[PDB]
Amino acid sequence: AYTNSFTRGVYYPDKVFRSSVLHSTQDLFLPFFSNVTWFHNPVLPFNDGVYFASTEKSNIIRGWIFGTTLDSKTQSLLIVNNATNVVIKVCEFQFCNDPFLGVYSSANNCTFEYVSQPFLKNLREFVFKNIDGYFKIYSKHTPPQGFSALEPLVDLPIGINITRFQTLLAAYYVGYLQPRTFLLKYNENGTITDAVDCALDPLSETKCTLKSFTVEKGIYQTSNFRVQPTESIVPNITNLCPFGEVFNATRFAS
Amino acid sequence: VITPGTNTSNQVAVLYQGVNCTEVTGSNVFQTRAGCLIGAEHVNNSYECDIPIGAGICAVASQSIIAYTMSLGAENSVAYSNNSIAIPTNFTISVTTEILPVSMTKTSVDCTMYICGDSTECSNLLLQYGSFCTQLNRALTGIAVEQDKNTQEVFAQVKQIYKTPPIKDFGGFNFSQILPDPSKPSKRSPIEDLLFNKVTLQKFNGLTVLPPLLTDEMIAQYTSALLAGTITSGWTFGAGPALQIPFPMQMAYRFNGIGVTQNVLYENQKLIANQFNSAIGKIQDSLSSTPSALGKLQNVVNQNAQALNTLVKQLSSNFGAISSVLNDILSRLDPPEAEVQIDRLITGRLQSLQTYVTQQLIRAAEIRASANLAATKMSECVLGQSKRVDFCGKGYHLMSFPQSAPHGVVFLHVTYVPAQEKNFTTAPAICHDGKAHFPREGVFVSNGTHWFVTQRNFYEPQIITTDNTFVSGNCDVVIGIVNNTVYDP
Amino acid sequence: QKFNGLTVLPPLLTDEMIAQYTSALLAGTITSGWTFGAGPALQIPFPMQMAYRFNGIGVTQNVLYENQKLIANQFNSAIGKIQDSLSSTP
Amino acid sequence: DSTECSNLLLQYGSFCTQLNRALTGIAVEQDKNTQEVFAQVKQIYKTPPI
Amino acid sequence: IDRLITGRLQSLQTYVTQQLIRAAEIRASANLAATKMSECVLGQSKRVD
Amino acid sequence: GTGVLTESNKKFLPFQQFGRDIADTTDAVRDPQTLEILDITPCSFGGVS
């Protein structure tokens, strides 16, 4: 399945207050109007970040696992919500074939652990990024048109490599972050109220060039078209070295 | 990217400058000789330009973006013939505006705080670069002292501060929109109020903004002095002492200097007054109800701001060396090797400061040329009456007014425009004897049957007598001469 | 005439349009005089236009008409001479 | 067309977008110059045929 | 590379500064030509020479 | 940094640690240990004429 991901999945990138400003930033974002995958639980890649969304009523989704092979060779992340505490472990777990909450069996070599106050017609959105050994989780819970900015939740110094992930467990959405530049509109109270994807269409390129959300009538130079070369193409070989009479001489020497 | 503004549509066209339309979102491509226009529909109907593309092509009109070869204007052939003129029978009085920038903000940027903060390692490593920073501060100080000279040579052209009399009986003319309003603070006119409210205008690492020498309360006092002098005394106060003269008589002087006789003023004094009062009231709307009329003042402000905003944002650049922060490089590295990264940061920031100063020096020359033009317009348009055409607005110049605006001046050029002409038949001369008669001032018209003499700029026909003609030679040599009686009084 | 980073943008007004402006200004001043720069173009015969322009330099108006064929001949022979001042010495 | 100072040049900050701003200001000013000199008639007058 | 960048960027800045000065000169000349088109063509000028 | 810290009424969000300006210079900072918002003013300078 696929779904359009209209303008959704924008997060505060840097923990900096900014008031009544339009700040243009380059970070891993979910591009506007992308094809988010709709699911009703397989392993999925993590390639450089993951947007996640789920609408529910009865906390049916309860967490995630992350890792590289999930086979007790390398360490892996396990984020599980109880009814009251959320538990984040980094250990060399062994995973079941279909993990659902008995997945946590044989928890060995636990190199990180953390417990905090829990998460979760009420859509809950998450963004997981894994930069320089830091695992960053951003989220927002709101009662998918419209705009809403994802506050950060945690920044765990786990240092582990993540390649694949899987939801523990009825429908959700999974999108992939990309290195795109946006223009974020910061309110008077410092919150993000709007954003512009600077490669979505030419109008948004003008908006990011002018650093404005309203452009006036006119002609504005935004970028440089440049044809890229497709092939590569390199004297009628003529003078072979006379290796024949060295090697096929009828009489050799002492 | 061609756009009609996001307050009209979100359609755009895209111009690829200088590529063929075979080399690449495709809807209807159009080769232009300026490039390749994609997303605009090429029409044959030429209009007036609004979004200039290039090589004659311009560009939303009835819910689509069109691209046309632009039109230069409406073609008319004026009905030329030997022996026909058109003489105006009426006039309009038109008050146009001209907005001229005069001064910039007087910024001054200390090098050592800009280029080095408080790091004495940076400062001591900067001393070996020589006199670059006293050069730069001398250049910016020259710009800053020139801005005050710009303002005082535009506005301070009155030796004395004249005041308009407390009863405003100027023969029907209503200068209430340009005279200062005492029943409000800052003592400005309504038009100067809207000029300050329609122009919308920060002390950090090196930057300081010196205040201008003449405050706006003092520039408005200059410009009210110039207004009161023009209203009560005419041009006589730009030359010598202010000689008072009633304002209809002054305006009759000023018709008499564009070639219209002064009875045309008096016999239409009510009508002219009303035209003035209705044309001086549309300036209020044509500035208020039209944004970007003060754009010439605005861009100056914007340019200076973004120049500073490019200077300050150039501090956060590595220029090579590992960090743009001067503290995160002293507490990282050893100082036989820290002071190559510091030096790299110094030469980057110094070339940024120097290119800012060179952009300032070369933009202050534009403002000085414009302030010289504004001083010339104040001397010739306001304090006198120009015969030099289109210098003080379209039409025959009557008289003009200054209004202070932020970092600039607005001239309200009151001009006389001829109107609703009609065509006649003319002779170069009239032969009533064996002698040829030429008009003294004016021209020989015919209403079809009889011949008259009018002044050239307003149709009032007189009987051709011997006191508005002169004789010269016989009626033989003038090519085209009519026989009509010249009545000896 | 472009190779490497540098492009030459064509001007907005083509030379045909600048020549059309120039013919508009020049046909306006032949047929109407200075009157088209102020308001509506009021036509006026060109001897009678030129007599106003003698009268604007202090020479009276009869000097034009009584020498009109002389003045036209000096005028035509001076514009004929100005091609040769550019179709010659560089 | 080399990537190696599409990365080193970004370390020099906004120099390559300030120079472009200056040159496009010059280019718009050239069209303003031609418009100010020649476009001083509202209408396109035509001389009579004879 | 960085030596070539700081050579070519400085050469570009020199070109742009020369062009800005030359554009100022041509704008002064074009303002003069607009003044001559106004006062000399569209009227009769009493200003000497 | 270097500057004068004063009490400020800027309302941060509960994760933002320091404010910034439209020049990208830090003109506010939440201090830790009491979570007050503190402005930053540059230490006052200017020429001497």
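Residues carry numbers counted from 1 along their chain as the sequence is written. These may differ from the entry numbering, and residues without coordinates are not shown. Throughout, the order in which chains and ligands are written sets their labels, letters from A for the former and numbers from 1 for the latter. For these chains, which sit within a larger assembly, all listed values pertain solely to the part presented. Side-chain metrics rest on all non-hydrogen atoms present in the structure, leaving aside hydrogens and water. Residues with missing side-chain atoms are left out of burial classes, side-chain pairs and their counts.

Structure determination for this PDB entry is given in the record as cryo-EM, at a resolution of 3.01 Å.

A.B. asks: Tell me what's going on with the interface of chain B and chain C, and back it up with residues and numbers.
C.D. replies: Of the residues lining the interface, 45 residues belong to chain B; the matching set on chain C comes to 33 residues. Buried area counts how much accessible surface, traced with a 1.4 Å probe, disappears from two parts once they are put together, with both parts' losses summed. Both sides together, the interface formed by chain B and chain C hides about 3,100 Å², and carbon and sulfur atoms give 64% of it. Salt bridges are counted wherever a side-chain nitrogen of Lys or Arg sits within 4 Å of a carboxyl oxygen of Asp or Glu. Counting across the chain B and chain C interface gives zero salt bridges. We call two N or O atoms a polar contact when they sit within 3.5 Å, provided that within protein one can donate a hydrogen and the other can accept it, with sequence-adjacent residues counted only if both atoms are side-chain atoms. The tally of links from chain B across to chain C stands at nine residue pairs in polar contact. Pairs of residues are marked as contacts when any of their non-hydrogen atoms sit within 4.5 Å.

A.B. asks: Which residues make up the nonpolar core, and what are the values?
C.D. replies: A general trend in soluble globular proteins is that nonpolar side chains are found buried together. Residue and element names in this part refer to chain B. In these notes, a set of buried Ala, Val, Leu, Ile, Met, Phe, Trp, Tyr and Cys residues joined through side-chain atoms within 4.5 Å is what counts as a nonpolar core. Think of it in three bands: with a 1.4 Å probe and only protein chains considered, a residue is buried below 20% of the maximum accessible area for its type, exposed above 50%, and partly exposed in between. Counting residues in hydrophobic clusters, the biggest one holds 42 residues, and the most contacted among them are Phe173, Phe175, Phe401, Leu412 and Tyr416. Only DSSP runs of H or I reaching four residues or more are called helices, and only runs of E reaching two or more are called strands; each is numbered from the N terminus. Put simply, the parts of the chain that give this core at least two residues each are strand 10 (84-101), helix 4 (190-197), helix 5 (216-233), helix 7 (247-256), helix 8 (263-266), helix 9 (269-288), strand 13 (396-405) and strand 14 (408-427). Among the elements that take part in this core, helix 9 stands out by supplying seven residues, more than any other. When neighbours within four sequence positions are excluded, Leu412 is seen to be in contact with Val95, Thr96, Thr97, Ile178, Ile191, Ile280, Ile283, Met399, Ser400, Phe401 and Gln403. Core analysis: the next-biggest nonpolar cluster, separate from the first, contains 38 residues, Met104, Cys133, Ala139 and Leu350 among them.

A.B. asks: Any details on the pattern of salt bridges? Residues and values, ideally.
C.D. replies: For the structure shown, the criterion picks out 20 salt bridges over all chains. Across the salt bridge formed by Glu125 of chain A and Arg8 of chain A, the nearest N and O atoms sit 2.4 Å from each other. As a salt-bridge pair, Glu98 of chain B and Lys377 of chain B come within 2.7 Å of each other at their nearest N and O atoms. Relative accessible area serves as the criterion here: at 3%, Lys377 of chain B is assigned to the buried category. Salt bridges here are not isolated pairs; linked through shared partners, they connect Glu380 and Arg388 of chain B together with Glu39 and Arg47 of chain E.

A.B. asks: Can you lay out the sheet that holds strand 4 (residues 37-41) of chain F for me, pointing to particular residues and giving the numbers?
C.D. replies: Paired strands, as defined in this entry, are two strands with at least two bridges between them according to DSSP. Across the sheet, which stays open at both edges, the five strands sit in the order 3(A)-2(F)-3(F)-4(F)-1(F) with mixed pairing between neighbours. Sheet topology places strand 3 (16-17) of chain A together with strand 1 (4-7) of chain F at the edges, where each strand pairs with a single neighbour. For strand 3 (residues 28-30) of chain F and strand 4 of chain F, the ladder comprises three bridges, and the chain directions are antiparallel. When the bridges of strand 4 of chain F are listed, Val29 of chain F appears paired with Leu38 of chain F.

A.B. asks: Would you mind going over the arrangement of the chains in detail, with residue names and values included?
C.D. replies: Looking at the ten pairs of chains with contacts, the pair that accumulates the most is chains B and C. Note that chain A does not reach chain C: the shortest distance linking a C-alpha of one to a C-alpha of the other is 10 Å. At the level of C-alpha atoms, the two units chain A and chain E stay apart, their nearest approach being 18 Å.

A.B. asks: Would you mind going over the sheet that holds strand 2 (residues 10-11) of chain A in detail, with residue names and values included?
C.D. replies: Residues and elements named next belong to chain A. Read across the open sheet, the eight strands follow the order 1-5-16-7-12-13-14-2; overall the sheet is mixed. Where the open sheet ends on each side, the last strands, each with one partner, are strand 1 (2-4) and strand 2. As paired strands, strand 13 (residues 134-142) and strand 14 (residues 149-156) are joined by five bridges and run antiparallel to one another. Bridge pairing in strand 14 links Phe135 to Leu156.

A.B. asks: Tell me about the interface of chain D and chain B, and please be specific about residues and values.
C.D. replies: Interface size is often expressed as the accessible area that is lost when the parts come together. Each side of the interface is counted separately: chain D has 13 residues, and chain B has 19 residues. Taking both partners together, chain D and chain B bury about 1,600 Å²; carbon and sulfur atoms supply 46% of that area. Along the contact surface separating chain D from chain B lie zero salt bridges. Connecting chain D to chain B are eight residue pairs in polar contact. Mapped onto the side of chain D that touches chain B, the elements with two or more residues apiece are helix 1 (18-38) and strand 1 (43-45) of chain D. Ranked by the residues each element gives to the side of chain D that touches chain B, the list is headed by strand 1 of chain D, at three residues. As paired elements, strand 9 (residues 74-76) of chain B and strand 1 of chain D share three bridges and run parallel to each other.

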